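>>> Here is the sequence, then the experimental structure:
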Amino acid sequence: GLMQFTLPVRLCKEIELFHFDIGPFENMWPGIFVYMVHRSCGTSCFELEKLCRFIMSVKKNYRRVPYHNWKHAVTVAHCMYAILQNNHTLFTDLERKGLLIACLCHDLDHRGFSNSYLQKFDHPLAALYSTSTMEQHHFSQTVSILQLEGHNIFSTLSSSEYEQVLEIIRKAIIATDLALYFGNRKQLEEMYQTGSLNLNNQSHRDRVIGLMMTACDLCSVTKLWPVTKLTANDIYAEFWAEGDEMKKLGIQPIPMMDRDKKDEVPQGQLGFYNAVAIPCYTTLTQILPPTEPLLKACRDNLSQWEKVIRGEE
Ligand SMILES: COc1ncc(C2CC2)nc1C(=O)N[C@@H]1CCN(c2ccc(Cl)cn2)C1
Ligand SMILES: [Mg+2]
Ligand SMILES: [Zn+2]
C-alpha cells in the first residue's frame, strides 16, 4: 500500500512531458508503467502483485519485431499518461484505469504485418475477423491474459464497472485501426465546428477516446527529431519486410513498402504527416487544448522531413 515507485530525477521530470523517450534499458519499462498508473490512477487502483504479473504476461506476448514491440506498447501508454495528466478533470476513474491498460495491450501479438497483408495471404485471423483483423486479435489476447489465474487486475471492480472497463478497452483498441481514424476525425471535426460536440454524450466520448488512441499510437511523429528519425528506420524495416512478402505472393507492393524505393521515403513522410498526423493532432488540440505540444512537435518534425528532401540533411 505504501510502496511507491520512484524514478531518477531526470526521468521523474522528463516523464511528465509529451516528448519523453522511455530509453534503451528494457528492465526499467515495467517500473515506468507502474509509476505512470500510480500517478494517473492512484496506488490503490490495482493490487501491485497482480499488476506486475499482468505487465510481465503482456511483455511475453509482444514479439521481437522492429517496431510493433514491447517498447511501442510502453511508448503509446506514456503518451496517454501525458494526455490524462494534462486533462485532469475531464476523465472518469474507470477511463484512466482502462486507457493505460488499453495502450499497453493495443498491439499484443503483432507480427509486423498490416491487415491488408493478412487478407492477401489469406491468414486464418482474416477469416475469424473480416475488418480490424489485428485489432480484434489484440483485444482477444488482452481478455485471454486477464483470465489467467492471478492476472485479473480489475477483480475488485463491481460487475457493471468491470463490463464498463472491458467495453472502454475494446473500443480503444479497435480505434487504433487507422482505416477507422479518417471517418472518426471527420465526424469530430464537423461536431466541434457546428458546436454539437458534447462530452456527457457517451457516443461523443467514445469518438474522442478513439482520436486520443490514434494520437498516442502515432506519437513517434511528436518526439524530438533524433528519436523520430531513428524510429522511422524501425517503422520502414517492417514495411519493407511486408513488401518483400507481397512480392513472394506475386503482388508488387505500394512504393512505401518496396525496399528498392528508399529514395521515396522523405516524400512518404510528408504524405503521412499532411494526410494523417497533422490533422489528427489539430482536431485533438481543438478538443483538448492542453495536448497542443503534440501538434507543435509534429509540425517541427514535418519541417525536419522537408529539410531532408531539400538535401539540407
Ligand atoms: C508512412 O507511414 C508511417 N510513417 C510513420 C509512422 C509513425 C507513426 C509511427 N506511421 C506510419 C503509418 O502508420 N503508416 C500507415 C501506412 C499508410 N497509412 C494508411 C493510410 C490509409 C489507410 Cl486505410 C491505412 N494506412 C498508414
Ligand atoms: Mg496496431
Ligand atoms: Zn500501435
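Arrived safely. Numbers count the residues shown, from 1 in each chain. Ligands and ions are numbered 1, 2, ... in the order given.
>>> can you count the residues close to the closest residue to residue 41 other than its chain neighbours?
Closest residue in space to residue 41, ignoring its immediate chain neighbours: residue 96 at 5.1 Å, by CB to CB, 6 or more residues apart in numbering. Every C-beta, even on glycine, is put in place using the N, C-alpha and C of the backbone. By the criterion of other CB atoms under 10 Å, residue 96 has 20 neighbours.
>>> Tell me the helix or strand right after whatever helix or strand residue 163 lives in.
Per DSSP states H and E, residue 163 falls inside helix 159-175. Downstream of helix 159-175, the next assigned helix or strand under DSSP H and E is helix 178-193.
>>> would you put the C-alpha positions of stretch 50-60 in CSV?
Output of stretch 50-60 as CSV, limited to C-alpha atoms (Å, rounded to 0.1, in the frame of the first residue of the first chain):
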residue,chain,number,x,y,z
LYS,A,50,-1.5,-8.7,-9.9
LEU,A,51,-0.4,-5.6,-12.0
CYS,A,52,3.3,-6.8,-12.1
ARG,A,53,2.1,-10.3,-13.1
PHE,A,54,-0.3,-8.8,-15.8
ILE,A,55,2.5,-6.4,-17.1
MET,A,56,5.0,-9.3,-17.5
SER,A,57,2.5,-11.6,-19.3
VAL,A,58,1.8,-8.7,-21.7
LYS,A,59,5.5,-8.2,-22.3
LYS,A,60,5.9,-12.0,-23.0
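>>> Would you mark the buried spots in it?
Within stretch 50-60, the residues that count as buried by 16 or more other CB atoms under 10 Å are 50-55, 57-59.
>>> same deal with stretch 236-246?
Across stretch 236-246, burial judged by 16+ other CB under 10 Å covers 236, 238-243, 245-246.
>>> Distance to ligand 1 and secondary structure for those residues - can I get that in CSV?
Formatted as CSV, these follow (distance: CB to the nearest ligand atom, whole Å; DSSP: H, G, I helix; E, B strand; the rest coil):
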residue, distance to ligand 1, secondary structure
236, 8, helix
238, 10, helix
239, 7, helix
240, 12, helix
241, 14, helix
242, 10, helix
243, 12, helix
245, 15, helix
246, 13, helix
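>>> Is it possible to get TSV of those residues that adds distance to ligand 2?
Formatted as TSV, the buried residues of stretch 236-246 follow (distance: CB to the ion, whole Å):
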residue	distance to ligand 2
236	17
238	11
239	14
240	18
241	16
242	13
243	18
245	18
246	19
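>>> returning to that earlier point: closest to residue 117 among the buried residues of stretch 50-60?
Using CB to CB, residue 58 comes nearest to residue 117 of the buried residues of stretch 50-60, at 24.1 Å.
>>> And the residue of the stretch 51-200 of the chain that's closest to ligand 1?
residue 179 (4.0 Å; CB to the nearest ligand atom).
>>> what packs against the helix holding residue 163?
Packed against helix 159-175 by the contact rule (3 or more CB pairs under 8 Å, 6 or more residues apart in numbering; DSSP states H and E) you find helix 93-105, helix 133-146, helix 178-193, helix 202-217.
>>> next helix or strand past the first one?
The reference is to helix 93-105. Next in sequence after helix 93-105, counting helices and strands by DSSP H and E, comes helix 115-121.
>>> returning to what we had before: dump the helices and strands packed on helix 159-175 into CSV; add distance to residue 253 as well.
Shown next, in CSV, are the helices and strands packed on helix 159-175 (distance: least, CB to CB, whole Å):
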stretch, distance to residue 253
helix 93-105, 29
helix 133-146, 18
helix 178-193, 17
helix 202-217, 22
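>>> Just name the most buried of those helices.
Neighbour counts (mean count of other CB atoms under 10 Å) averaged over each of the helices and strands packed on helix 159-175 peak at helix 93-105, with a mean of 24.
>>> quick one: contacts of it?
Contacts with helix 93-105, where a contact means CB atoms under 8 Å, 6 or more residues apart in numbering, come from 33, 36-37, 40-41, 45-46, 55, 58, 73-74, 76-77, 79-81, 84, 91, 138-139, 141-142, 145, 153-154, 157, 161, 164-165, 168-169, 172-173, 209, 212-213, 216.
>>> what's the answer for stretch 240-254, then?
Applying CB under 8 Å, 6+ apart, the contact partners of stretch 240-254 are 66, 112-114, 117, 120-121, 257-259.
>>> what about that stretch, start to end distance?
As for stretch 240-254, its first-to-last residue distance stands at 10 Å under the measure CA to CA, to the nearest Å.
>>> Repeat that for stretch 127-138.
Taking CA to CA, stretch 127-138 runs 16 Å from one end to the other.
>>> Let's check: the centremost residue of the chain is which one?
residue 217 (2.7 Å; CA atoms, centre = their mean).
>>> residues touching that residue, list them.
Residue 217 is in contact with 76, 106, 176, counting by CB under 8 Å, 6+ apart.
>>> Perfect, I'm done here.
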